[PDB]
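Chemist: Going left to right, the sequence shown walks through residues -1 to 115, 118 to 391 as PDB author numbering numbers them.
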Amino acid sequence: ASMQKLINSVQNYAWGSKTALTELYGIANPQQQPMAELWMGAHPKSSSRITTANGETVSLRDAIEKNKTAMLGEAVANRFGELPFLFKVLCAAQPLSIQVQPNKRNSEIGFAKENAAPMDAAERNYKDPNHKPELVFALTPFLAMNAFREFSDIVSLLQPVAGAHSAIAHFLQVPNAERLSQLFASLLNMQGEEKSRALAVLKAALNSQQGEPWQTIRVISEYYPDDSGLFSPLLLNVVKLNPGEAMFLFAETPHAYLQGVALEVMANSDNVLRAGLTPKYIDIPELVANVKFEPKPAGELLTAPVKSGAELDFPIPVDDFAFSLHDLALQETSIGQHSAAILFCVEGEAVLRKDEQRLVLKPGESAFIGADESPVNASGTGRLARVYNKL
């Protein structure tokens, strides 16, 4: 088959929505399980599968291993040696942890620092030496946090909780990167009476303070009542993405997914440094060494796409992946790339054609197109999301 309909894995993590994938796409869930992530790719823990001329399904990862140049293209093959991204539908029924991704050089350093002394333990920050760029694209209204607010923005939000902790008063007297870093670390490091004081003062402020981000803190607090993370909407931008909007998650920058359904594209790494809204241990010094305490203004948070014909590209400052949306109509458009691609039906209904082969995708279904099989022609109605490499 020139085009391969994907059989995909759904991770049933405890935080997933019991309904989102069913409401959006008709995906069955009779056991009423939490369906947290739908994986499109070649991850070894749970690769997508494809069907052979034969009738057998095979791992997409194994099929790529067997024919890398043909499937990935020479460029991706020689640079990555594998499908360099994982593509997901994320369906957060509750807020998730704050995270930070180290950049490439520090991932390499950290990965070698740690090898020299316990793989799947919980002081293991670097499970690998790859970086982890990500893009999120909203499928329903998507509440997230991303990056530090402008300092005057933080100063204004902290005033009502100045008495919460002395690190707050400290930042207020001189609101700079250094004191923001001390504040961030002190908040995460709070214990016992120090922490309960800080949390008591924050909970009370929620009665005197209306609107955002206070409202966001209320939402988080239903799931994380004793977490120092509750201060983070006062330091970090809270953003509500409308469906069709995207944000690229830069390295060294805190972020969190709080509510709603999105597509996510990432490079392949299981590194994560957590920075709150988690019960796990956090290595605060390592976290701090990997955060850029530089404000990001709200106007620069969303990725500005570029529209050319039926294609809306989302420019990504990283090589690991690219991402585009394709408006479908009756007349075919050619969708071609020098890499492997995964095409995913966001809404409507797509007919892919490659010569005589016709493959129909309904919303939520996806197909893999090997490098040797580009281009394919698309028609129908709605939109197709495409993940690929521009290299």
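No residue lacks a Cβ here, since even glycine has one placed at the ideal position from N, Cα and C.
Within a Cβ cutoff of 8 Å, which residues of the same chain sit near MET247, ignoring the five residues on either side of it in sequence?
Modeler: Locating residue 247 in the sequence shown gives position 247, where the first residue counts as 1. For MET247, the CB contacts under 8 Å within the same chain, skipping 5 residues up- and downstream, are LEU135, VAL136, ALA144, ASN146, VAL239, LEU241, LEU301, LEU302 and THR303 in chain order.
Chemist: Please go through the stretch 37 to 105 and give each complete alpha helix (DSSP H) segment of 4 or more residues, from N-terminal end onward.
Modeler: 58 to 64, 66 to 70 and 72 to 77
Chemist: If you draw a straight line from the C-alpha of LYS64 to the C-alpha of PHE293, how long is it?
Modeler: Looking up residue 64 in the sequence shown gives position 66. Looking up residue 293 in the sequence shown gives position 293. If I take the Cα positions, the gap works out to 45 Å.
Chemist: Considering only their Cβ atoms, is the gap separating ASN290 from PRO133 smaller than 8 Å?
Modeler: As a first step, residue 133 is located in the sequence shown; it is residue number 133 there, counting from the start. As a first step, residue 290 is located in the sequence shown; it is residue number 290 there, counting from the start. Inclusion of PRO133 and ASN290 in the CB contact set at 8 Å is not warranted, their separation being larger than that value.
Chemist: Per DSSP, what kind of secondary structure is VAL376 in: helix, strand or coil?
Modeler: As a working note, residue 376 is residue 376 in the sequence shown. Three-state DSSP puts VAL376 in a strand.
Chemist: Quick one: grab the DSSP three-state call for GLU349.
Modeler: One-based indexing of the sequence shown puts residue 349 at position 349. Looking at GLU349 - three-state DSSP - the assignment turns out to be strand.
Chemist: Taking only three categories from DSSP, how would you classify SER156?
Modeler: Taking the sequence shown and counting its residues from 1, one reaches residue 156 at position 156. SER156: helix per DSSP, three-state reduction.
Chemist: Measure the Cβ-Cβ separation of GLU311 and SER324 and say whether it is below 8 Å.
Modeler: As a working note, residue 311 is residue 311 in the sequence shown. As a working note, residue 324 is residue 324 in the sequence shown. Cβ distance < 8 Å, so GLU311 and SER324 count as in contact.
Chemist: From what residue to what residue does the alpha helix (DSSP H) around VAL360 run?
Modeler: As a first step, residue 360 is located in the sequence shown; it is residue number 360 there, counting from the start. Boundaries around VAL360 are those of the beta strand (DSSP E), 357 to 361, since no alpha helix (DSSP H) includes it.
Chemist: DSSP beta-bridge partners for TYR388?
Modeler: Here residue 388 is taken as the residue at index 388 of the sequence shown, counted from 1. Answer is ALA322.
Chemist: To the nearest angstrom, how far is it from the Cα of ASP128 to the Cα of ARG103?
Modeler: Walking along the sequence shown from the start, residue 128 turns up at place 128. Walking along the sequence shown from the start, residue 103 turns up at place 105. Going by the C-alpha atoms only, they are around 12 Å apart.
Chemist: Would you tell me roughly how many angstroms separate the C-alpha atoms of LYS280 and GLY299, rounded to the nearest one?
Modeler: Translated into the one-based positions of the sequence shown, residue 280 becomes position 280. Translated into the one-based positions of the sequence shown, residue 299 becomes position 299. Answer to the nearest angstrom: the Cα atoms are 33 Å apart.
Chemist: So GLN215 is in the alpha helix (DSSP H); what residue range does that whole segment cover?
Modeler: The residue labelled residue 215 in the question sits at position 215 within the sequence shown. First-last of the alpha helix (DSSP H) with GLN215: 214 to 221.
Chemist: Kindly indicate which three-state DSSP category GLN182 falls into: helix, strand or coil?
Modeler: Position 182 of the sequence shown holds residue 182. Note: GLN182 maps to helix in three-state DSSP.
Chemist: Hey, quick one: how far does the beta strand (DSSP E) through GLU21 stretch, first residue to last?
Modeler: Your numbering for residue 21 matches position 23 in the sequence shown. No beta strand (DSSP E) contains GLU21, which is instead part of the alpha helix (DSSP H) from 18 to 23.
Chemist: For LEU301, which of helix, strand or coil comes out of DSSP?
Modeler: Walking along the sequence shown from the start, residue 301 turns up at place 301. DSSP places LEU301 in coil when its eight states are reduced to three.
Chemist: Which residue comes first and which comes last in the beta strand (DSSP E) that contains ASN146?
Modeler: Locating residue 146 in the sequence shown gives position 146, where the first residue counts as 1. Residues 142 to 148.
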